[PDB]
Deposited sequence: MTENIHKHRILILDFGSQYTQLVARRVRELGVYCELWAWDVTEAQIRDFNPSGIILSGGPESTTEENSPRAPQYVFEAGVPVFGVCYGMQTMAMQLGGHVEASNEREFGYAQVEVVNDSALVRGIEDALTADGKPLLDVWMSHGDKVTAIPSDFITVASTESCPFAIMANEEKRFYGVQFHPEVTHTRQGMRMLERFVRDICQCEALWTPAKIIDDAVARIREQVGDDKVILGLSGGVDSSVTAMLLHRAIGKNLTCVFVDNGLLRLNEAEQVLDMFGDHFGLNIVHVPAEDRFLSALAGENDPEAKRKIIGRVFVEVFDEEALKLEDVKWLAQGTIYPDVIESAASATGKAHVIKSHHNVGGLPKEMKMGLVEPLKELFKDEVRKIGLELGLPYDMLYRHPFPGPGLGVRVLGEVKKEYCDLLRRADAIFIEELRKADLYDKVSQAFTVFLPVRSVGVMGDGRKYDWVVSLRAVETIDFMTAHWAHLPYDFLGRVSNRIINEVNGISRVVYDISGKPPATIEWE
């Protein structure tokens, strides 16, 4: 069983904790990210084959600490940054000299040299280890780079193995998870899919399941999962909310109605969304509106069915994790998956690459990209602008060099040449970013020649657009979307 060998990752608040989880996932082992403030009851219920304590911005000199069971549970424990500093007490690029044999790092040598010692290229106080620990690696600024009670199988590392900059970090996480915690590598996209199917089948039986099909990654893979498990019993509602991209409805239907043979209720709700949105300039109002009409449309569509006892949903593990930060049943095949696993299993389920590695598209769609009041003519204009932008972006092989690209409609009038020189028309902003984390994203240094080709195209080819600007504001101090 694929959840059997499982890592409990305890989050002391690093931005890299989910990266550790994703690395364990990549290594083929289930794992779970909980907050540090967990009860020995819970760790005993999860029953981890090993524990991992993640980095932290706090300090053990105040203060987040592991539930003492972490070290009493008799499973190998791996501390990382804070997780190492908290393992003690409770018991930029750099190179560490391996000063001892440890289970964790034996055989793993990036450079050696030192003339008589193994070196580790790692990506990086602890004044003294517990009495049962040895020093395993050391640096100038950190004599305690790796510490280990190799008998109790506790390991401590002042660097981040989950990050690629740690030359052999993954081999180290492999060592801890596969070899020191003797975990089998059962958590494979093929076997996740079988687990998904089995669990949906068992949880829903012959009951009818409904699902909001966006065409996006999460609800698509969910569609494919539900569909593989209960076939025709699944009904997907595709709402064209009048806020999608150019031809999005066609593409979602060509893909999932035709190509994959899904049972699709197609709801053309453009006028209805644009109705409810009428005269609404407040971006948070628009979101709530757009989100409410969606819930309205699905509940209407659900009733037109019958015996629909289950709503399916593209909830992925990160979503569960924020919810962790404090009618119809829920079918959530992806609740345990991170986004890269979802894509990977989407590939195995047969979905196309393009869709799976597409830029995220917001729920509210163009509703948050038409500044202020959302009008059809602004959305049609926005659509042709985005289409050109994204089509040029794809020609130039720039689509994968940015996390997200789109255009924003500015309801301001600017003059542009018409032939005699007298036509005001609308302005759009191109927006392209390289996303670093949920808090920070850089605006993309798209090439000048390229920007200008897109500019000219949008202005010349779209009647109603006279001027194109580029969002040159990063996040912070701005955000990715304009609303």
- Query: Where are the gaps relative to the deposited sequence?
  - Reply: 1-3, 66-67, 97-108, 142-145, 348-368
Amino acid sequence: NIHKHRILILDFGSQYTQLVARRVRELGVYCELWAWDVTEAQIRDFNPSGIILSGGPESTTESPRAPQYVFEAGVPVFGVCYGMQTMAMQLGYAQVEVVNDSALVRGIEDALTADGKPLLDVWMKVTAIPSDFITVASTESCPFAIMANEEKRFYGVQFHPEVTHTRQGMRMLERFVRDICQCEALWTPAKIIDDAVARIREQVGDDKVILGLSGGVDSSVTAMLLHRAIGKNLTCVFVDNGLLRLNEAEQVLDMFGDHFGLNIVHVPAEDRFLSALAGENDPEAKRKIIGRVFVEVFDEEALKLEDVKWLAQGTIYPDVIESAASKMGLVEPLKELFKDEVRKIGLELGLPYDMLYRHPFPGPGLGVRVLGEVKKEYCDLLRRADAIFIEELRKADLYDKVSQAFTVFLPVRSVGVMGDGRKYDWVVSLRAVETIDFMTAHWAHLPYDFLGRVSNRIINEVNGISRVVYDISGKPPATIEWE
From here on, numbers count along this sequence of modelled residues.
- Could you check which stretch, 293-301 or 342-350, carries the larger mean CA temperature factor in the entry? 293-301
- Query: Between 466-474 and 19-27, which has the larger average Cα B-factor in the PDB entry?
  - Reply: 19-27
- Message: By the CA temperature factor listed in this entry, which of these ranks top: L382, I264, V157, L244?
- Response: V157
- Between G372, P318, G92, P189, which one tops the list for C-alpha B-factor in the PDB entry? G92
- Against its chain's modelled residues, does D218's Cα B factor rank lowest, middle or highest third? lowest
- Task: Name the third of the chain's ranked CA B-factors that contains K152, choosing lowest, middle or highest.
- Result: highest
- Message: Among the modelled residues of this chain, does the Cα B factor of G416 put it in the lowest, middle or highest third?
- Response: middle
- By its CA B factor, does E32 count among the lowest, middle or highest third of the modelled residues in the chain? middle
- On the chain's distribution of Cα B-factors, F46 falls within the third called highest
